[PDB]
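Written below as structure tokens is the structure these notes are about.
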Amino acid sequence: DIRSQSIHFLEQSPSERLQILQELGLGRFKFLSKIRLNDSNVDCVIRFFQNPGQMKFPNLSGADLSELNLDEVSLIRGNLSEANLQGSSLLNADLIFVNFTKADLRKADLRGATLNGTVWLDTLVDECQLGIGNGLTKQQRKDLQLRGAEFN
Numbered sequence: 010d011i012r013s014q015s016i017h018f019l020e021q022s023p024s025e026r027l028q029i030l031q032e033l034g035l036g037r038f039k040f041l042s043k044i045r046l047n048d049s050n051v052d053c054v055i056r057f058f059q060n061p062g063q064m065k066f067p068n069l070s071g072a073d074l075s076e077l078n079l080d081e082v083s084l085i086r087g088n089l090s091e092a093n094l095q096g097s098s099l100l101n102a103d104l105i106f107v108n109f110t111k112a113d114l115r116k117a118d119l120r121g122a123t124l125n126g127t128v129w130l131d132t133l134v135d136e137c138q139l140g141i142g143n144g145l146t147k148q149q150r151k152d153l154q155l156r157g158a159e160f161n
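Pasting the structure below:
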């Protein structure tokens with residue numbers, strides 16, 4: 010039945026979603042109001058809706074976040090394992106400790122995003138814009154640039 014709740018949520022416009030989010034105390038996650046209705050995201054929103062407030066590291070594993078404006082989103086300690094971020098805008102985003110394992114970041118724009126503690130295992134970054142690699146090592150600015158990332 011909780012699957013039913015999540016479908017209905019994603020069927021609403023961004024501001025009706027933002028209201029549901031207030032009613033549920035999930036208002037810190039304003040980005041939920043933007044993700045598209047598809048199978049990947051029904052699942053993602055189920056995790057938020059089964060026991061809300063019991064997850065407070067944003068777990069977006071496997072979500073389809075492609076071609077979204079997520080400028081200045083805060084996702085500290087978030088799990089973006091296997092997520093799809095192709096062509097999305099994440100300008101000045103807080104991504105500290107974000108797990109990008111096996112995620113797709115082709116053509117995303119992460120200029121100015123804070124990257125301390127990020128994990129990039131098997132991550133697709135061809136043409137991902139990283140700006141200055143804010144918070145990245147050197148062995149990281151190395152590895153990623155080799156794999157297609159672009160640095161300002």
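Basically full-length UniProt numbering = 1-based index in the sequence shown + 9.
A virtual CB, placed ideally from N, CA and C, is assigned to each residue, including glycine.
CA nearest to the CA of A102, picked from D113, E91, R86, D73
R86
Looking only at DSSP bridge pairs, what is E159 linked to?
BP columns for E159 point to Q138.
With burial defined as no fewer than 16 other Cβ atoms inside 10 Å of the residue's Cβ, what is the status of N161: buried or exposed?
exposed
Does DSSP put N125 in a helix, a strand or coil?
coil
Could you check if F66 is buried or exposed, using at least 16 other CB atoms within 10 Å of its CB as the buried criterion?
exposed
At a cut of 8 Å, does the stretch 48–55 reach the stretch 10–28 through at least three beta carbon pairs?
yes
Along the alpha helix (DSSP H) that carries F58, what are the first and last residues, could you check?
In the DSSP annotation of this structure, the continuous segment of the alpha helix (DSSP H) that includes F58 starts and ends at 48–58.
For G142, does the count of other Cβ atoms within 10 angstroms reach 16, so buried, or fall short, so exposed?
Flag for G142 reads buried.
Specify, as a first and last residue, the run of the alpha helix (DSSP H) that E25 falls within.
23–32
To the nearest angstrom, report how far apart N50 and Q149 are at their CA atoms.
30 Å
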